[PDB]
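Consider the single chain below, provided in C-alpha cells and representing the form deposited in one PDB entry.
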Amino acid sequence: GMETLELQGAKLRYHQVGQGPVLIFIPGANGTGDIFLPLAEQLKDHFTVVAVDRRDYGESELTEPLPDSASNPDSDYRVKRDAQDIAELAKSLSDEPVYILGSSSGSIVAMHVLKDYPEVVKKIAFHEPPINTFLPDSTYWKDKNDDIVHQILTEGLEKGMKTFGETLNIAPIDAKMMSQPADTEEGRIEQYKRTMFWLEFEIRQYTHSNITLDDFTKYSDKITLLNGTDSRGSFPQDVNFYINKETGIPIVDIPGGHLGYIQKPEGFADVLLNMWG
C-alpha cells in the first residue's frame, strides 16, 4: 500500500498523503518514512507529503547487491545514489521544483540533492545535520567516527572470536592459523564479511540443529568419526567421544589439528586412503 518508483538497482517505496505542492521528507539513520507520518497529517492540507524509505531500508528493495566498494569509509556511492533517488522521485511527481526536508543523515542526502540536482529544489531545510567535512575541526569529528566504528566492528569481533576459541579449547596451531590475516586487502575484507556471516547465520543454527543419536545408529555402518592428533582436549573431540560412547561408531585418529587437512595433507590423505581407498 506504499507507493513504488522503480529505479536503477532498487524499488524505492514511499508514503504519499495530501494535496498541493510536493514536500519530500528524507529520513535519517532509521531509514524509513513512517517516522514522518504524524507530521504529514498536520501538513496534508497544504502539501502533497512524500515520506521515503531510502533504498537500503524498510520496504524499499535492492534489485542488485551493493558494490563491494560501498564498505570503504570514503565511498560516495550510497550518498550519491540516495540523492539521485530523491531527484528522480521529485521529477516523477512534479513538473515544478519541490520542497525538501532531511534530518540527520537524511539532511546530508538533502545537501547532495541540492548540489547535484538543484533544478528539482524549490526550497530545502537541513534539520540537525551531522556532516563534518567543511568544519574547521573536521579531523576531530572524522577521527571520532572512524574510531567508534572501528571499535564496534573490529575490536568487538576480534575479542569475541578469541573467547570462542578459548571456550572450545582450540589448540595453538589452529588458533594461530584461523586468525592469520589474509595477505591482500581484498582477502582481509572478505574474511571479515565471512566471519560476521558465520556468526549471525551459521554457528547457532548449525550447532543446535536437529541431529539425534538415533540418526547415527540407523546408518552406523557408513560412518567414521575423525579426531586430529594435534587437537586433543578440544570440544569437538569430546563430541566424537560422546557419539562413540553411545553408538559404538569407531573414532579414527588423523594427523593435524582442527585444520589437519591443510596442515598435514600427506598424512591426512594416508589415513583417508587406509579407510576408503
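A residue's number is simply how far along the shown sequence it sits, counting from 1.
A.B. asks: Output the stretch having the higher mean C-alpha B factor in the entry; the candidates are 149 to 157 and 203 to 211.
C.D. replies: Comparing 149 to 157 with 203 to 211, the higher mean C-alpha B-factor belongs to 149 to 157.
A.B. asks: Name the higher of the two by mean Cα B-factor in the PDB entry, 137 to 145 versus 166 to 174.
C.D. replies: If you average the C-alpha B-factors of 137 to 145 and of 166 to 174, the larger mean comes out for 166 to 174.
A.B. asks: Quiz for you: based on the deposited Cα B-factor, which of 73, 130, 187, 106 is highest?
C.D. replies: Spelled out: the listed residue with the top C-alpha B-factor is 187.
A.B. asks: Once the chain's modelled residues are ordered by C-alpha B factor and cut into thirds, is residue 47 in the lowest, middle or highest one?
C.D. replies: For residue 47, the deposited C-alpha B-factor lands in the highest third.
A.B. asks: Comparing residue 275 with the other modelled residues of its chain, is its CA B-factor in the lowest, middle or highest third?
C.D. replies: Within its chain, residue 275 is a lowest-third residue by C-alpha B-factor, going by the deposited values.
A.B. asks: Sorting the chain's CA B-factors, does residue 28 end up in the lowest, middle or highest third?
C.D. replies: Tercile = lowest for this residue's CA B-factor.
A.B. asks: Would you please rank residue 235 by its C-alpha temperature factor against the other modelled residues of its chain and give the third it falls in: lowest, middle or highest?
C.D. replies: Its C-alpha B-factor belongs to the middle third of this chain's values.
A.B. asks: Which third of the chain holds residue 62 when residues are ordered by C-alpha B factor: lowest, middle or highest?
C.D. replies: According to the entry, residue 62 has a C-alpha B-factor in the chain's middle third.
Beyond what is shown, the protein has a form deposited in another entry; the following relates to that form.
A.B. asks: From the list 154, 194, 84, 78, return the one residue or range at the hinge between the rigid parts that rotate between the shown form and the other one.
C.D. replies: So the residue sitting at the hinge would be 154.
A.B. asks: Indicate closer or farther: the Cα atoms of residue 64 and residue 185, in the other form, relative to the displayed form, with a change of 3 Å or more.
C.D. replies: Here the pair is closer than in the other form; there, farther apart.
A.B. asks: Closer or farther: the CA pair residue 189/residue 64 in the other form, versus this form, with a change of 3 Å or more?
C.D. replies: It is farther: in the other form, the C-alpha atoms of residue 189 and residue 64 lie at least 3 Å more apart than they do here.
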